[PDB]
Amino acid sequence: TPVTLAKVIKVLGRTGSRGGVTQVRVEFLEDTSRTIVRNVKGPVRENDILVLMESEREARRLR
Amino acid sequence: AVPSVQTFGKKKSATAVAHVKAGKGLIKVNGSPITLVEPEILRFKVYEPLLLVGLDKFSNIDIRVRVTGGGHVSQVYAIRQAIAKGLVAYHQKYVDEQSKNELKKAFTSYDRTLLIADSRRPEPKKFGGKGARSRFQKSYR
Amino acid sequence: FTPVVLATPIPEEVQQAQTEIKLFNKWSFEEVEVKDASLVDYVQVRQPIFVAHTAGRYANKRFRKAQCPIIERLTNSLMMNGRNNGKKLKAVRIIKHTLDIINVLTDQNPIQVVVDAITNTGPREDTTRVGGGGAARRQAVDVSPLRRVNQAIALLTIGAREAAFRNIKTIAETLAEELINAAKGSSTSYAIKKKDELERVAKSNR
Amino acid sequence: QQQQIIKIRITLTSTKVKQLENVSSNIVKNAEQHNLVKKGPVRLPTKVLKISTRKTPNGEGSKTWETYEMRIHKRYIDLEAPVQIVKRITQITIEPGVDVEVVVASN
Amino acid sequence: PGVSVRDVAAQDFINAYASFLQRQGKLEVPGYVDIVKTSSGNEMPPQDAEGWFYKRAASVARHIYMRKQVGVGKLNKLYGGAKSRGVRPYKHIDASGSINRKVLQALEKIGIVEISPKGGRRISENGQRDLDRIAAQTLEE
Amino acid sequence: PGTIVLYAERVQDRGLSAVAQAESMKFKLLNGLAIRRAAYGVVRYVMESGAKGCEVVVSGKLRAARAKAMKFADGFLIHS
Amino acid sequence: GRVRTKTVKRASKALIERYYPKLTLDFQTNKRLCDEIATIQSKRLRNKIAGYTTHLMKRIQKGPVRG
Amino acid sequence: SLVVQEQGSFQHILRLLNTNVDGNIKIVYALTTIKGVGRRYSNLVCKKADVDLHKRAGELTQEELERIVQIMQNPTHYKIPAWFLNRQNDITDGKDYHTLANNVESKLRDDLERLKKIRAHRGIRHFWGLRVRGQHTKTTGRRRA
Amino acid sequence: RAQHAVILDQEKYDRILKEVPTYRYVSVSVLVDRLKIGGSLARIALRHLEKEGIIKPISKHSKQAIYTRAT
RNA sequence: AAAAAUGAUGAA
RNA sequence: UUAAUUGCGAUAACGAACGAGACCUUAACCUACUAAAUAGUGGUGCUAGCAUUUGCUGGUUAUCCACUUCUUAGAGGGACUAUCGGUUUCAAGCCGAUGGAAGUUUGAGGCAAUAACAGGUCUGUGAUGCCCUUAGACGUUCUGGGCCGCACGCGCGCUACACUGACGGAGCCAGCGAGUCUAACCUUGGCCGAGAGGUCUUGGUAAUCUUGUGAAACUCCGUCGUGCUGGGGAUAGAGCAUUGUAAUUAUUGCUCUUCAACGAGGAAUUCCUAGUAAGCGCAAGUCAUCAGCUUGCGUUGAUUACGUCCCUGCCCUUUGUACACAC
């Protein structure tokens, strides 16, 4: 089943030339010890749950 | 003589004045029953102060509301605030404030503007556009 | 329940509304639940309202609109053509009619059907423009839950409005068919096919 | 002849709140200091006279607009008193910028 | 109990009092009905060709009952709407005065309104009598 | 006749009246006095009269065909 | 932003250097005292001066303040 | 509700004043196909011919259709206000006329030719094809005027 | 260019009295697109059927009528 | 690490 | 760090000034003061109407007695980011919650430095230098015409492309104004008229009357039924009125008739972050008449984002310069 639930534990900052994307760190729900960094489109909070279609790509374009 | 209070509710520029007093259960708005308040899609807005706390504590009072100013929606909101605040004032003046606080918690938990008037006010229009913020269309060639 | 005898007569349908707060005195918010985790506490169906009209202040804080009732947010996005700005009375009438039509067409809770449509029509992945070069590019990113519910509501109402334009069908009927198709996944609904299109572009630009 | 009634009304119009309230207070205190039963100074709604005009004398530049306004404050005091003291209150409680006109009525 | 024409819905009362006048057939319609379009701001005559004058008479009677006294100019402003001015923006336009004046005269003939020395036409003894009985009938239909 | 009456009153602190200072300096310039001498005399008189600040601006073709502004100030002035 | 200007800062400093024993930690009575111990042209400026005086008094309670 | 089950006597598009009147549009708005009758004129003609307004033109019988034609062709003797007409107090005989289907363009040509023959300014402007009612011609009316 | 029956003959009427009792949701646009009839006949047909009681109303409104099957 | 040329004479 | 040359501070500078802020106006709170027939409310208070256990009303300081919740306006109060928690290297501050009418500088404005621009205005001025003209006048008046002319290009706009609608009936609610005897201004009411209008009176120099400006979007019920169709109302014909000395090159209004393009608009490009955008009308300016314009006012009231420096630009610092008319 290609749906991964990950919870935002930290908001890193804004990315994108126009600032539209947000760096976040999320930990997986199935195992609470595997954290990854993702790029998110809209407004995000800590503890927000994201849906990861794919769950291996590290986020590029950092600051 | 008869126990009574007078309150008011206020939306943008509408003002409703409610006379609440020891009575029978009469609820009137501009001399007409609250069941005929318009619009009917918003009639439950003025039903809310009754249903949240229950009619068993409206069954011994009569309220008469006179609303002026504003528009059709603002007058409905003014009416509901006037009714809720009239109930609160009557329970303040002739019943215990344990009951008053029960009423206030019920109202403020359901909706804040039942007791406190919305503080949003119109922004004056400025020269150079149709509104407070919007400007006339600007051309360069 | 021993209706109260009262000098201003209240009809029994309004008397029964004392028991619990009921949307249009027809549809209950109790047992309605978001069946898509990550969208709980962004689809707010926990505090009941009698009607999808309240003059609430959800614009003065960043995330304040997440507590706005989801039926009211759906109503608010119906007030959108330029000729329909304002007209919340019209939008609320449309919402009431489409909820009735949903309950007649499918014997489920209309609020639950709306919630399922919103949870099913929010894109999980999207793309953003990147590259100050000559040829720009799209880079895949993920979508926040608030943006997911925002864009789900936008797609549902935009598809209903575009399908109601210039045809015999009423806007309430078209919105009912849109919500009913989206609540199960049909790919005949504008919102579902736009969500799949965005997710497929995001995968292609991954 | 024996302390006749008049039902007099004094009205006060000005563009200066301080001096207007000064003369109004002088009239009022004269009423109390002649132990006179009255209807206190009723203050009318303020009249804001607006003139909105372009700032430029020609028609060049950004289209900027000024709004000037006069402000008219009016009060009236109802009284009933003998002639010998209504006249002295006519000849006193006056100063520039406040105009006073006095009307006999039955109100 | 106590019934006045404020406990009944506006349109309900209007349609019932209009049907009453339709059965009674005493209003003495002016004669130029079905050629006029009821307002300079209107585009078409009333669609209910055989009952629009009775609808108007019922509306005017209820309006007079609600207010103290009302004249022809106020009926013209009340029933006037906005006028489509082609490629110009809309504006409010007063309704046709002859129709309202003859409605008022017809109600004077049937004894519903009188001369109201302070104003225009006001409600009568018998006007209150019949409008209140018909309102009671509409409530306990 | 008999309902209009005029009195003339002497102005205390003449050095604090901008109208009177501007009229006096106008007459000084009309008598052929130099702009700097006149402007500084006005500023000195105003400051000796007790003013917190004073300012004199002279604008126009002061010297040549091309116009310019000369500005003479003393003390402190507020603007807003 | 809510940064106090040098007018408020210096007035509060002078008030504390003159009237520390009279001043307290409560804004209401500090506001009341500012009218008698100083002449402030506006009520808004007096409120700002009193609230920065009480903020500095709260700072002084938990150790000394430079200046 | 006027639920009707009428037998196979329905008539489609029909000819009044050598004009093609449709038989599927309601009588009032179907008559407006004829040049010289508008929505007001059609409403008044139908309501003075005493036909049911909630009827399609196709189920009107021929005798009430001819009553409609007579009322339209000679309106002034059917209690019509006359201020309701198309050509009142004309320049030739001073009679109150209502110009109809094929006569509208011919009477328009008559007015045009009268103005052009007398060489009035409005007729000259018509001869040029420009606007005649005093409108500005600098910017608008370019693609055809 | 849609063609809709503006006059009701026997076949269309019997098709109404048979198909309409089956429809679970019934309205003006439903009759107009599933029976090839104008909105005016659609409104008349809804008003006709309600009086006998083979469709019943949930919500009667101008510009939107809500009917279901009788039971 | 995409592309981006030019701007008449005199003139406190 | 702040919106801020706003502060904490650092310090060959010390102490100051302008600007910012402070200030003023306006909007929101006050069941606390002082009142009010030019604002209201109550009194089986007076009188009278309708319907029957009493509700809705009509006249009420000029037919009375009380009161100030609503309205008004003087004096004041109120917020100071208050309290609590977190965070910064203490600090300046910042974030969140609570309480509160109000917690973006509470919202919006007014005012606003130095130095400039060959920016606009000589067509506002009996502000004005110089030049020109000055009786066949470029002075000042009268009549008529023009400024509006039409192969075409551009800017601001109005009306639309419809069913989230058009039309009909009914419902039925604002705020900001303005108004005449130095004369014909705002006009209720009655009568006539299909309308536009006419006519007899009336009130108002105005919280008093127009006016509750019964505005329009809007709501309900009905007709229409996806058809350039009852969408849209351009163009044109005929007639009736009003303003004015004069309406033709249609002043405008009204009635009937004709019923064009337009089915949402290429490249492009504007404005906007909450009672805001947008929809909707109203008053004032202009004004004899003419508002598709503007200045304000209220009615209905979203979506989206609380960010960035990609584009267009702004501020400060460092740096390079063959620029200084300043890329």
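First the proteins, then the strands, lettered A, B, ... as listed; each starts at 1. Values reported hereafter were calculated over all heavy atoms of this structure, with side chains retained and with hydrogens, waters and symmetry mates removed.
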Tell me if K:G55 and K:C50 are paired here, counting Watson-Crick or G-U wobble when both donor-acceptor distances sit under 3.5 Å.
yes
Side-chain N or O of G:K48 versus OP1/OP2 of K:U81: is the shortest distance under 4.0 Å?
yes
Is K:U182 base-paired with K:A135, counting Watson-Crick or G-U wobble geometry with both distances under 3.5 Å?
no
Should K:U251 be called syn or anti, with syn set as within 90° of 0?
syn
Identify the heavy atoms of G:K48 and G:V8 that sit nearest to each other, and give their distance.
O-CG1, 3.5 Å
How does protein contact run along nucleotides 280-294 of chain K, one letter per nucleotide 5' to 3', with B for base contact, S for sugar-phosphate only, - for none, heavy atoms under 4.0 Å?
-SS---------B-S
Per the atom types in the model, does the base of K:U164 pair as donor or acceptor with the side chain of C:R161 at under 3.5 Å?
yes
N-glycosidic conformation, K:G214 - syn within 90 degrees of 0, else anti:
syn
Donor-acceptor contact present, side-chain H:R125 to main-chain H:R131, <3.5 Å:
yes
Presence of donor-acceptor pair under 3.5 Å, side chain of B:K12 and base of K:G301
yes
Does the K:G225 base have a donor-acceptor partner in the side chain of H:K26 within less than 3.5 Å?
no
Between the base of K:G239 and the side chain of H:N86, is there a donor-acceptor distance below 3.5 Å?
no
Indicate, yes or no, whether a donor-acceptor pair under 3.5 Å links the base of K:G120 to the side chain of D:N58.
yes
Would you call K:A73 and K:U202 a Watson-Crick or G-U wobble pair if both distances must be under 3.5 Å?
no
Both distances under 3.5 Å and Watson-Crick or G-U wobble geometry: does that hold for K:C262 with K:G231?
yes
Relative to the ring of H:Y41, is the ring of H:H98 parallel (under 30°), tilted (30 to 60°) or perpendicular (over 60°)?
parallel
Given the structure, check if the side chain of D:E21 and the base of K:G74 hold any donor-acceptor pair shorter than 3.5 Å.
no
Answer yes if K:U38 and K:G165 form a Watson-Crick or G-U wobble pair with both distances under 3.5 Å, and no otherwise.
no
Hey, does H:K138 reach any base, or is it just sugar-phosphate, or nothing, if we go heavy atoms under 4.0 Å?
base
Distance below 4.0 Å between E:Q105 side-chain N/O and K:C191 OP1 or OP2
yes
I'd like the P distance from K:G189 over to K:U273, given in whole Å.
46 Å
Determine the contact category for E:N15: base if any of its heavy atoms lies under 4.0 Å from a base atom, sugar-phosphate if only primed atoms, P, OP1 or OP2 are that close, otherwise nothing.
nothing
Sugar-phosphate only, base, or nothing, as touched by A:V21 at under 4.0 Å among non-hydrogen atoms:
nothing
Do any side-chain nitrogens or oxygens of E:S59 fall under 4.0 Å of OP1 or OP2 in K:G171?
yes
What does H:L53 touch in the nucleic acid at a heavy-atom separation under 4.0 angstrom: a base, only the sugar-phosphate, or nothing?
nothing
Determine whether a donor-acceptor pair (one donor, one acceptor, N or O, separation below 3.5 Å) exists between the side chain of H:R125 and the base of K:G149.
no
May I ask you to evaluate whether D:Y76 reaches the phosphate of K:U38, defined as a side-chain N or O under 4.0 Å from OP1 or OP2?
yes
Identify whether a stacking contact exists between H:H136 and K:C148, where the ring centres must be under 5.5 Å apart and the planes under 30° apart.
no
Using OP1 and OP2 only, check whether a side-chain N or O of E:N42 sits under 4.0 Å from K:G168.
yes
For the P atoms, the ones on K:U114 and on K:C14, what distance do you get once it is rounded to whole angstrom?
27 Å
Considering only atom P, compute the distance from K:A135 to K:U123 and round it to an integer number of Å.
23 Å
Answer with base, sugar-phosphate or nothing: what part of the nucleic acid does E:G51 contact at a heavy-atom distance below 4.0 Å?
nothing
Within the modelled atom types, does a donor on one side and an acceptor on the other bring the side chain of E:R67 and the base of K:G212 under 3.5 Å apart?
yes
Enumerate the protein-to-nucleotides 200-204 of chain K contacts in which both atoms are nitrogen or oxygen and the separation is below 3.5 Å.
none

When both hydrogen-bonding distances must be under 3.5 Å and the geometry is Watson-Crick or G-U wobble, what is K:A127 paired with, if anything?
none
Here the helical stems involving RNA chain J, each at least 3 consecutive Watson-Crick or G-U pairs closer than 3.5 Å, sorted by first residue number, are none
So B:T68, base contact, sugar-phosphate only, or nothing? Heavy-atom distance under 4.0 Å.
sugar-phosphate
If you look at every strand shown and take non-hydrogen atoms under 4.0 Å, does D:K18 touch a base, only sugar-phosphate, or nothing?
nothing
WC/wobble flag for K:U223 and K:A166, Watson-Crick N1-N3 plus second contact under 3.5 Å:
yes
K:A194 base stacked by H:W83? Criteria: ring centres under 5.5 Å, plane angle under 30°.
yes
Looking at K:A207, I'd like to know if its phosphate oxygens (OP1 or OP2) sit under 4.0 Å from a side-chain N or O belonging to D:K74.
yes
With a 3.5 Å cut-off on both distances, are K:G222 and K:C167 a Watson-Crick or G-U wobble pair?
yes
Contact class for E:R101 (heavy atom, under 4.0 Å): base, sugar-phosphate, or nothing?
base
Gap separating the OH atom of C:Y58 from the CG atom of C:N76, nearest 0.5 angstrom:
10.0 Å
Answer with base, sugar-phosphate or nothing: what part of the nucleic acid does A:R14 contact at a heavy-atom distance below 4.0 Å?
sugar-phosphate
Look at C:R166 and K:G165 and indicate whether a side-chain polar atom (N or O) is within less than 4.0 Å of OP1 or OP2.
no
Taking OP1 and OP2 of K:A277, is either one under 4.0 Å from a side-chain nitrogen or oxygen of B:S134?
yes
Using Watson-Crick or G-U wobble geometry with both distances below 3.5 Å, tell me the partner of K:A207, or none.
none
Is K:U249 the Watson-Crick or G-U wobble partner of K:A39, both distances being under 3.5 Å?
no
Counting only side-chain N and O atoms of C:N85, is one of them less than 4.0 Å from OP1 or OP2 of K:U303?
no
Establish whether K:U133 and K:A184 are paired, applying the Watson-Crick or G-U wobble definition with both distances under 3.5 Å.
no
Would you check if K:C46 and K:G239 are a Watson-Crick or G-U wobble pair, both distances kept under 3.5 Å?
no
K:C282: pairing nucleotide in any strand, Watson-Crick or G-U under 3.5 angstrom
K:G296
Quick one: does D:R75 reach the base of K:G74 with a side-chain donor-acceptor pair under 3.5 Å?
no
Look at the side-chain N and O atoms of C:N76 and state whether any lies under 4.0 Å from the OP1 or OP2 oxygen of K:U303.
yes
Counting only side-chain nitrogens and oxygens, does B:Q137 get under 4.0 Å of the OP1 or OP2 atom of K:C156?
yes
Would you classify D:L44 as touching base, sugar-phosphate or nothing, given that sugar-phosphate means primed atoms plus P, OP1 and OP2, and contacts are heavy atoms under 4.0 Å?
base
Does OP1 or OP2 of K:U6 have a side-chain N or O of G:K6 closer than 4.0 Å?
no
With heavy atoms under 4.0 Å as the rule, sort I:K60 into base, sugar-phosphate or nothing.
sugar-phosphate
Given K:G165, is OP1 or OP2 found less than 4.0 Å from the side-chain N or O atoms of C:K90?
yes
Can you find a donor-acceptor N/O pair under 3.5 angstrom joining the side chain of B:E40 to the base of K:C220?
no
For G:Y52, what residues pass the ring pair (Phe, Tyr, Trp, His ring centres under 6.0 Å) criterion, not counting sequence neighbours?
G:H55
So if I define the base as every atom that isn't primed, P, OP1 or OP2, how would nucleotides 42-55 of chain K read as a B/S/- string at a heavy-atom cutoff under 4.0 Å?
-------BSBSSSS
Looking across every strand, which nucleic acid part, if any, lies under 4.0 Å from G:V8 by heavy atom: base, sugar-phosphate, or nothing?
nothing
Closer than 4.0 Å, any side-chain N/O of D:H73 to the OP1 or OP2 of K:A73?
no
Pairs: protein N or O with nucleotides 10-15 of chain K N or O, under 3.5 Å:
residue, atom, partner, partner atom, Å
K:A10, OP1, G:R66, NH1, 3.1

What's the gap between K:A206 and K:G179 when it is taken at their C1' atoms, as a whole Å value?
9 Å
